[PDB]
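Below: one protein chain in two forms, given as C-alpha cells, structure 1 then structure 2.
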Structure 1
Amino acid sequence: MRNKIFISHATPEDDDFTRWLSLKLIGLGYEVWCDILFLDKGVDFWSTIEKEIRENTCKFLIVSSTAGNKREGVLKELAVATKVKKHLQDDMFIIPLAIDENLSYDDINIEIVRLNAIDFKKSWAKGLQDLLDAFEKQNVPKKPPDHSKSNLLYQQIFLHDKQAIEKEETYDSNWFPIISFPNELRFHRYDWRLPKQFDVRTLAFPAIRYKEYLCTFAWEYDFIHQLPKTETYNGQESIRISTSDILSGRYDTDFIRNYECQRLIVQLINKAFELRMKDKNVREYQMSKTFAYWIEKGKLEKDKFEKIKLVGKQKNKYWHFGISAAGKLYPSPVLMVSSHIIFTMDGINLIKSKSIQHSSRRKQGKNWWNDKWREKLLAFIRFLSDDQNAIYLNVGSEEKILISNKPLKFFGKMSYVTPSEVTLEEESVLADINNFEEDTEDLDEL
C-alpha cells in the first residue's frame, strides 16, 4: 500500500528545519521519506525518487524559501506530484510549508501560489500543530507514536558522519623523563657544623635541611666558601643511599620511608633547576608559587629559534614564551614543564600590573593552537639543551642530573578525524568572550 510521506528539501540552505521536522513525525508513528535521511551512492537519483512518490507516499510537502523556489531539484520533484496529483485527483495530498518572511510571493512558484499553506514563521510548534490535525483530517495511515525510532536515525544519519573513530594514535606531552641521576643520595650529620638558623635554600648547590642531617646529591666537600667549619667533617659520618633503590620503592627505614625520600628529591630537582637557570641566560619571572623563565628580545635570530618564533609583536607590547617546572617521581621520574606567556613593553622589561599581564596572556592565547604550543614548548627545550638529547642540571660539583628534550609519548586507543580552520571563527569568537564573563550575569560560557 501507500502510506509514506515525502518532503522536498532545498539544500543545504534549509537543512536545519528540514532536519527537525522529519524526526518529530517519525517518533509518533508516521512513516516518512526524505533524501536527507539517506546518503547516496546509487548512481541514479531521479529514478529512485520519482518512482518513490507514486508508489507509496500518503502526502507531499514542499519548502517555501528563497532557495526553495530557485533550486531546480525540487521543482522537478514537485512537478511529478503535481502531475502526481492528477491521478489521485486529490489536492489535499499536496501541502506547502513556508518558513521565510523574506521569500516573496512573486518568488513563489505558480504551482505553489494557489496552494494552501501551513505557516511556520510565527512559530514551528504552531505550524506543526496545524499539520497533524490536517493529517488527522485525512486520517493518514500512521502507527502509534515511537520516538525510539527517531534517535536511532539521528545516531545513524548524523552522528555517524562525525563520530569517534577506532584509530589509535600517539600524543607528545609536557613530560620529559629524567635521563640519569647521581648514583648515590647523600645526607650529612654536619650537626654543629651547620648552624640552626642557617638557610639551606641559600646553598648554591641543591640541599635540603633534614631533621638531623642535610640532604643533597652533593659531596660533603662541596659546601665550603659559604659554609666553613665543614672541612672538620669526617665523610664516613655521611649516610648514603642508592638512587635507584628510592625509585624502586625498595628502600625504607625505621628512621625514613620511601615516600619521604621521593618527596625530598623532588624539591631538590626544583632547586637544581632554578640554579641551572641563571646560567642559561634567560630572564626570569616569579609566579607567586614559583619562578618561570623566559627569553629576552633580540637574543635570537629574528627572534626565532630553529625557525620557531618565541618573542613577537602584540599591539603596543612584546610577548615572550616562558616556562615553569617541577619534577615528579610517582609513577616515573620526569620533569613537568608548564608553559606561560609573559609580556614586556620595552621587550626587555616586565609590566608591573598583575592584571595587565594576565589580561594580556589570554588575549594572545586565543590566537594559539595546539600545534603551535607543541611547536613552541618543544623548541624552548632544544634551546636549553646543552646537548640536543638533554640538559645538564648540576646538583654536585661533579654530580649531575640529566633530562631529555624528547618528551614521553602517550598511546591512544581511540581518535577522531580532522576538520579544518573552524576554530579561528571560534577563536575570534573568543575575543567576544571578554564580554559575558559576568558574575552578576547568571550565565557561563563555553
Structure 2
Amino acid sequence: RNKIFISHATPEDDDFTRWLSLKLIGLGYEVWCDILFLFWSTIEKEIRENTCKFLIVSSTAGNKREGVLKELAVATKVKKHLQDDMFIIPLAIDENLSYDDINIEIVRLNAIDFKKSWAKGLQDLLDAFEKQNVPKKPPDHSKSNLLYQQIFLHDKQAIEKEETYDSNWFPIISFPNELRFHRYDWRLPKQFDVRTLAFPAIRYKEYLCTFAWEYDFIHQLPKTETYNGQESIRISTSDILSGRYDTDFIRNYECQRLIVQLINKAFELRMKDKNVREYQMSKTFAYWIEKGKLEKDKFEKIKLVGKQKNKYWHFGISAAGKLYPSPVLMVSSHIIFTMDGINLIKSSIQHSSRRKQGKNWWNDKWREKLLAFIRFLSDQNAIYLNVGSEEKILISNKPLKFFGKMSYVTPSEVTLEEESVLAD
C-alpha cells in the first residue's frame, strides 16, 4: 500500500537507479527495486497490490527494454484501477533521448527533469511526494548504508581464504662455519683499498673481517705471508646469526652488518664471471642479459629481453643481503634498455621508457621474470658465492614464501588492461 516502485533498464541506468533508491530509503521511503535484491509474478504482485508510486527511469535504453515496458504496462493497468493521476512518474535522466524514441506511454505524461541536476530532480520528486501525501518514515540513512554494504558491495569484499605468496627473499642455506678477523696490522698497507681483493674483505679495527683464509690474499698482499694465522679471531657464524655472540671486541648488530656488507660484495664479484652485463645505479649495481644470448631470448619460455618500439628492453636484478629476521638475499627487479640489444641509452630515456614498459607487466609477469632470471644464473638448486678459496655461500633459487589467511576473489574480467592503457 506504500511501497515505491522503480522500473529501470539494467545495467544502462544502474548508477542512477542505485543512487535514487538508496537516497529515498535513507530519507525514509520504502522503495522496491530488483537492484536491491540478490520472478515476474513477484513484480506483478508488487506493482498491483503494494506500490503507491510507480517511478520509471526514462532513458534511451529504458524506453526500448522489453521488461521495463512490461512493468510499465502492468503499472498502467494498475493506475487505471485506482484514481492516482500521478501513479506513473517518469524520471527523465537521458539528454540523448530522442523524442521519437520515447515510448508512447511515457511521452503523454510529464516527467521529472533529472538531466540538469540530480539534486533538482530529487527535490521535485520529493515535492510531488509531499503534495501527494505519499507515506514515509522518519529518516534512516543507516538502512541505506546497510543496503549499500550488503547488496551492492556483496561480491566486492575480502574473504577468509588462505593464500600463499612468493617473495623476493631467497634464503641462504650454507654459511662458512667461521667468520674470521685477520690481524694483518702492518702487513696491510694503510692506504690500500680493501675493496679490490678477489675475496670480499672489509676493515674493522687493525683486523680484516673476511670469510676467506689467512693466506687467501698473498698474491695481492705479500706481507701477509709472514702473518701467523693463530693471531686471527674466528667466530662461529651460527653464534652470530642466533645472537649468541656479543662481546666488547665486536657486537652482534655489527657482526651481522659486516656479514651483509660481505654478502653484497660477494654477489657483485660473482656477477663478473657470469653471462650478464651490468648497469650502474645510484649506489648499487643491476645485472641484465644481452640480446644475442638464450634460445630466442627466452629462458624456460620466459622473455628476459625483448623489443619496445625502437629499442630493446632487458630485465635486470639487483641484490642486497639481510639476515634479520632470517638470512636472505633480497632481489629487486628493474628494467634497462639498449638501442640494438647491447649498448645502453645513457639518459630520462631509461626511466620514461621503464615506466612506459613496466606499466604493461603485472604480478604474473614480474614474478615469472624474477624467478626465471634467478634460476638462469643458478649453479644447481642454488647460486654459489665465493667468499674464499674454499668457503662459499649458497642462495636457494627458490624464494622464501609467505602465506595469509585473508584473500580475495580474482576478478576474471581483467581491468588491468584498462588500467595499463592509461599511459597519459
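For clarity, a rigid core is taken as the largest C-alpha set superposing within 1.5 Å between two forms. Numbers given to residues start at 1 and step along the sequence of structure 1.
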Quiz prompt | Threshold 2 Å Cα movement between structure 1 and structure 2 for residue 425, core superposed | solution = yes
Quiz item: By how many angstrom is the Cα of residue 104 displaced between structure 1 and structure 2 when the rigid core is overlaid?
Solution: 2.1
Quiz prompt | Angstrom shift of the Cα atom of residue 157 between structure 1 and structure 2 (superposition on rigid core) | solution = 0.5
